[PDB]
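Shown next as structure tokens: one chain only, the form deposited in one PDB entry.
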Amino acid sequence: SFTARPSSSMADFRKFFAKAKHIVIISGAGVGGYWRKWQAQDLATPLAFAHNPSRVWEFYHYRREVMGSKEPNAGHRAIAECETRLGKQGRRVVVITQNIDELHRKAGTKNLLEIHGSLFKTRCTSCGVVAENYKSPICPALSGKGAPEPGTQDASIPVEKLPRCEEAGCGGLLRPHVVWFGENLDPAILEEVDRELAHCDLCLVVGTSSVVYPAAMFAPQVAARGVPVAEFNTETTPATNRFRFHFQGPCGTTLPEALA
């Protein structure tokens, strides 16, 4: 149990990167946090939804509005373009994202695993159907709601006027198709994650990536197998010292360099 610190040698990393046949890129929020008086993690829970579906929908309406307008940043683009370029060489890049904003998709990434769902899908709490939804606003009663300042008045929308299911004989209440804290991730998605992690020969962990479980154990699983992991993050994390490399800085700076 040597005091193992990660390398910051970019040239050594790029040596691995030139040879790698299957690169797994794990990403997080760099793309709690607070909306009004609440920690984001405390809205993103089925108990918040069961007990105040209006407050949760006002929050996800906000998130949909804010994120729906965002363009991909230099990190997303570099990751997308690295996938295309390596693709033409018979080399695999896959992104496993903890994010729900779809910005990897907007940047053109094709091999993408969204492990916590999407702002832009709903699921019906009655019949269970999942559907895409980019409609702004998602229902009329949320029009102009969702403002983030502490002190902003609650909408208090009656449940009947919240987003509703359009399937025949249904009209049930919709929720965001987002995996919430205390909910299980999709078992089929976790088995696919396992297969990518077991076969990759290089893993990057970006934006980080290391405080939401089980996703937080993904890169360390890869390193515990002896495969190199490079972490790109503005600060160090509880997992850093498990990895082969650590590149500090905003990843709109480092990632483009590392992936070039």
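Start at 1 and count along the sequence shown; that's the residue number. Under this definition, the rigid core comprises the largest set of C-alpha atoms superposing within 1.5 Å between the forms.
Unmodelled residues of the deposited sequence between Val31 and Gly32: 10 or more. In this entry, the higher average B-factor at the C-alpha atoms falls on 142 to 150, of the pair 175 to 183 and 142 to 150.
Higher mean CA temperature factor between 105 to 113 and 160 to 168: 160 to 168, per the PDB entry. Of the candidates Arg36, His199, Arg64, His51, the one whose C-alpha carries the top B factor in the deposited record is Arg36. Highest CA B-factor among the listed residues (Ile189, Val93, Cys127, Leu119): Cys127. Among the modelled residues of its chain, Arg55 has a C-alpha B-factor that falls in the lowest third, as given in the PDB entry. Split the chain's modelled residues into thirds by C-alpha temperature factor. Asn73 is in the highest one. Remark: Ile25 belongs to the lowest third of its chain, ranked by C-alpha B-factor as recorded. The entry lists a Cα temperature factor for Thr45 that places it in the lowest third of the chain's modelled residues.
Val211: CA B factor in the highest third of modelled residues in this chain (values from the PDB entry).
The form deposited in another entry is left out here; the points below concern that form.
Comparing the forms between the shown form and the other one, the C-alpha position of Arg195 differs by less than 2 angstroms, with the core used for superposition. Annotation: Cα of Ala239 displaced by at least 2 Å between the shown form and the other one, core superposition.
Comparing the forms between the shown form and the other one, the C-alpha position of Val227 differs by less than 2 angstroms, with the core used for superposition. Compared with the form shown, the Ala74-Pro214 C-alpha separation decreases in the other entry, the change being 3 Å or greater.
One change in the other entry concerns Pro214 and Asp194, whose Cα atoms lie at least 3 Å farther apart than in this form.
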